[PDB]
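Read through the structure below, which is laid out as structure tokens, and then see the notes.
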Amino acid sequence: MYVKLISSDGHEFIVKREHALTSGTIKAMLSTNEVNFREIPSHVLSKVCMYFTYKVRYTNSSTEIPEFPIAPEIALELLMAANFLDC
Amino acid sequence: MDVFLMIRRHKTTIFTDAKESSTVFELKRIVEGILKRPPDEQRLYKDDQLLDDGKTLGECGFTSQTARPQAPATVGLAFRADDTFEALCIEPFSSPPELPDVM
Amino acid sequence: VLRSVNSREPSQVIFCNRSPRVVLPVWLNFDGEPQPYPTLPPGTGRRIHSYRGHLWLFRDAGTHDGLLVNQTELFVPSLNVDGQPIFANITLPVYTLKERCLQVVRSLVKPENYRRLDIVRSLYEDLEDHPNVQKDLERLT
């Protein structure tokens with residue numbers, strides 16, 4: 001099963017429920033299969049979704065973990081979303 | 001090996017993963033589950049190159065090196081209406097503000 | 001309370017830095033005071049002579065971001081079995097997305113100009129609460 005996170009500019013990001021439930025805030029906003037984020041543009045949310053993939057793959061890895069990459073021009077908006085979403 | 005993908009059409013973006021040995025057609029099945037469109041009504045592209053149903057995602061250039069969790073490869077998706085496929089169209093993401101002078 | 005044990009039993013150890021960061025090894029002496037050792041460049045290794053019951057932790061030599069050693073915070077040299085030395089694999093944690101952004105924003109802005117950025121004032125505090133080994137040590141205690 002998947003859920004749909006919609007950005008402030010209309011983009012529709014469709015990610016696995018299990019990944020999106022990592023965020024307690026998104027759990028609360030689903031608890032119902034879509035979430036509209038009026039204040040997160042798609043260049044932030046696309047990065048959020050990548051972090052979902054990254055956290056699920058590299059949590060509990062004895063292998064080497066790679067840095068999660070953040071371009072400087074996104075860093076401040078990503079921070080604000082991450083602070084809101086507790087992520 | 002798992003490959004990590006964004007499947008993109010219009011203002012739609014699917015985050016999913018697949019085996020390198022998986023087929024283009026089997027990916028079309030994945031899409032079929034999310035978006036409810038049959039594979040015969042779907043085209044998948046790497047950049048602007050149409051991909052063939054029998055080829056593995058590896059032979060289409062999706063690998064551990066190029067399709068990572070924190071940097072997934074993009075697969076273009078185009079739908080067929082009335083027995084005529086629309087052109088590949090992928091709307092870009094929003095644009096970042098200019099970097100603050102403080103940075 | 002968090003202190004090395006003066007076992008005087010030597011333990012041979014390799015510090016393997018499997019991280020893209022410059023690793024600062026940190027030994028907790030017998031009174032609990034953290035003592036820094038020479039930095040370990042990314043992807044490099046170093047044979048070290050330590051002792052059983054000693055406490056090591058590892059950080060980014062520049063930002064003091066916490067790192068993992070053998071998937072945990074603290075490394076305790078153990079008995080060298082068969083003569084082969086203990087292997088301390090230093091890796092990146094999976095930082096939260098918030099902390100990761102804090103790391104990246106600290107690297108771009110000098111701390112006087114943190115206030116100059118336009119964000120909820122609650123983030124200006126998070127940004128000034130730099131990772132620090134004395135702080136983390138109280139957490140573990």
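A, B, ... follow the sequence lines: proteins, then strands. Residue 1 opens every chain. Excluded from the calculations below are hydrogen atoms, water molecules and symmetry mates; all remaining heavy atoms, backbone and side chain alike, are included.
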Give me the atom names and distance for the closest heavy-atom approach of C:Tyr95 to A:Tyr51.
O-OH, 2.6 Å
To check you understand the geometry: which heavy-atom pair defines the closest contact between A:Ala75 and C:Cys101, and what is its length?
O-CB, 4.2 Å
Looking at A:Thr63, A:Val48, A:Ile70, A:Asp86, which makes the most heavy-atom pairs under 4.5 Å with chain C?
A:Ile70
Should C:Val120 and A:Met80 count as side-chain neighbours, where that means a heavy-atom distance under 4.5 Å?
no
Side chains of C:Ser122 and A:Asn83: does their closest heavy-atom pair fall under 4.5 Å?
yes
Output a table of donor-acceptor pairs, distance under 3.5 Å, between side-chain atoms of residues 13-26 of chain C and any protein atom two or more places apart or on a different chain; print 'none' if there are none.
| unit_1 | atom_1 | unit_2 | atom_2 | d |
| --- | --- | --- | --- | --- |
| C:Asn17 | OD1 | C:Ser19 | N | 3.1 |
| C:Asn17 | OD1 | C:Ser19 | OG | 2.8 |
| C:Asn17 | ND2 | C:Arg21 | O | 3.0 |
| C:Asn17 | ND2 | C:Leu40 | O | 3.2 |
| C:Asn17 | ND2 | C:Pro41 | O | 3.1 |
| C:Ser19 | OG | C:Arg21 | N | 3.0 |
| C:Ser19 | OG | C:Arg21 | O | 3.4 |
| C:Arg21 | NE | A:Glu67 | OE2 | 2.8 |
| C:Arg21 | NH1 | C:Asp60 | OD2 | 2.7 |
| C:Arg21 | NH1 | C:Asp65 | OD2 | 3.0 |
| C:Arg21 | NH2 | A:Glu67 | OE2 | 3.1 |
| C:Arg21 | NH2 | C:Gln103 | OE1 | 2.8 |

Chain A contact residues among residues 49-56 of chain C, heavy-atom distance under 4.5 Å
none
Residues two or more places apart in sequence or in another chain: which of them pass salt bridge (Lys or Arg N to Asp or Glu O under 4.0 Å) with A:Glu12?
A:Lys4
Quick one: which of C:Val94, C:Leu97, C:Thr96, C:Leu92 gives a side-chain contact (heavy atoms from CB on, under 4.5 Å) with A:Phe68?
C:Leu97
Applying ring pair (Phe, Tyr, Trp, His ring centres under 6.0 Å), name anything that partners A:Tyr58, two or more places apart in sequence or on another chain.
A:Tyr54
Give, for atom CD1 of C:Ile119 and atom CG of A:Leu79, the distance between the pair rounded to the nearest 0.5 Å.
7.0 Å
